[PDB]
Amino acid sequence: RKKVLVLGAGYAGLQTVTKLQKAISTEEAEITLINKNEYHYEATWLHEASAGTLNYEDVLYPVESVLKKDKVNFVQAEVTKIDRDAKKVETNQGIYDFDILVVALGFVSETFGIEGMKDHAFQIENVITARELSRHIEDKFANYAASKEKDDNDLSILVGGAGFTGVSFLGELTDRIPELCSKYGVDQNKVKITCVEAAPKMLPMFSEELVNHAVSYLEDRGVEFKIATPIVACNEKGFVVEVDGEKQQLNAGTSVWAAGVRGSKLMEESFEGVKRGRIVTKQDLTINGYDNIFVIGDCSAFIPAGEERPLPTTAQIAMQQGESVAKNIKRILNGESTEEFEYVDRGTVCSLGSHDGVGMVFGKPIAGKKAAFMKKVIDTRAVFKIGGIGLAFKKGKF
C-alpha cells in the first residue's frame, strides 16, 4: 500500500485527490491530504470577499465533505519542511513519509522588492486577508462618518496592478463603494479610486476592444488609471510612484497590492531550479530527478511542448493538472508509463461587478451580461468538478 501525499487542498491538490480517490483501491494506495485550514476556498472569488460584496463563508467549504474517508486521511496542518530525498514532510502537527508526493501549495503575494509593499499594503491571498481588507474599507467609511473634521483621504483607495486580479477587485469596489457611501452619508464625488500599473498595458491577456470595455466601465464608475507608471515604494501614507522619472507621493487610507504572485516560499527551500516559487516540470508534471514527485498549480511552470514560456498561473490549469496527476499516479501504481499533460484552453472571464465582465469563451470574445452569466457557469463548474452536483447546487453561483 504505497503512500500518496498531497500538499495543499486548493484547486490543484483537492482536484488530484477527488479524482484519484475514485480510481484507486484501498489496497493499491493510501492517500494523505495536508492543508493549513479545515476548508477549501475559492481563490478566484477573493475579489468579492476582499471588497465585501460576498460573505466570507460563501467562498469556502469543508475539505472532508468531498473525501472518500476509507481512502483519504485529511490532516489539518501547516507544512514547514519537505525532504525530497529522505521522502518526509514536516508539519506543525507531525512528520509524514511518502512514496509519491503532490506539491500543490499555491501562491502568495510577490512585491518585486518594492520597499514597504508587504508591510503597508493589503494583499489578495486567502480568506483571512479578504476578511481583514473588507472590514478595513468599511471601518474607513465608519470612522470618516464619526469624525467631526472629515479627511477625504480616509476614503481614497489605491490598487496596485491593472491585470486580472486588479480589475476584478476594482469591479467589486464599484458595487460596494456606492452602498457604503449611502450607508455612511458620504458623497461619491469625495471617494477616489486609483489603479496604478507599471506595465504599459492593462489586462494583457485580452483584445484592445475588451480592455477598452473594461476601462470605460471602470472609468464611468469613478476609477482613474495610471498605467505605465512604476510603484517604487509603499509607506503609511500610500504609494510612491514615478511620473516621467520624478517620484510622487499618492495618498490613500487603503493600499491594495494585486500586481504579482509567486508560488509557496517552500518551493525555493525544497527544490532546485525554482524561480519565484515556480518549478519547471517535465511534460508528465513530475520534476527533474524525481519521477515520484509532482508539482502543480501555482507552484509549477508548465511549458507546452512546442513553446518556450510557461503557461500563466491559473485555477483552470491547476485543475486540469490535478486530473492529469490523478491518472498518472494510477498508471505509476499499475507499473505503467506516464502520459504528457495537454492544457485545453476553454477560455475565461474577468468579472466587472455582478452584471458585467470581459472574456474569451469558445475562442470568441464576450462582454456585459453574457460574460457575467458565463462567469457564473465557470465558477459553478469548478465547484462541480471537485465536489459534484450537490456541492455545486449548495455552493455555486446559481
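Numbers follow the displayed sequence, beginning with 1.
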item	value
Residue stretch of maximal mean CA temperature factor, 117 to 125 vs 146 to 154	146 to 154
Between the two ranges 304 to 312 and 164 to 172, the one averaging a larger CA B factor in the entry	304 to 312
Candidate set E78, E268, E209, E132 [ranked by C-alpha B-factor, highest]	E209
Third of the chain, ranked by Cα B-factor, where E339 sits	highest
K364 by Cα B-factor - lowest, middle or highest third of the modelled chain	highest
Ranked C-alpha temperature factor of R346 among modelled chain residues, by third	highest
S255 - Cα temperature factor, lowest/middle/highest third of chain	lowest
CA B-factor placement of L14, once the chain's modelled residues are sorted into thirds	lowest
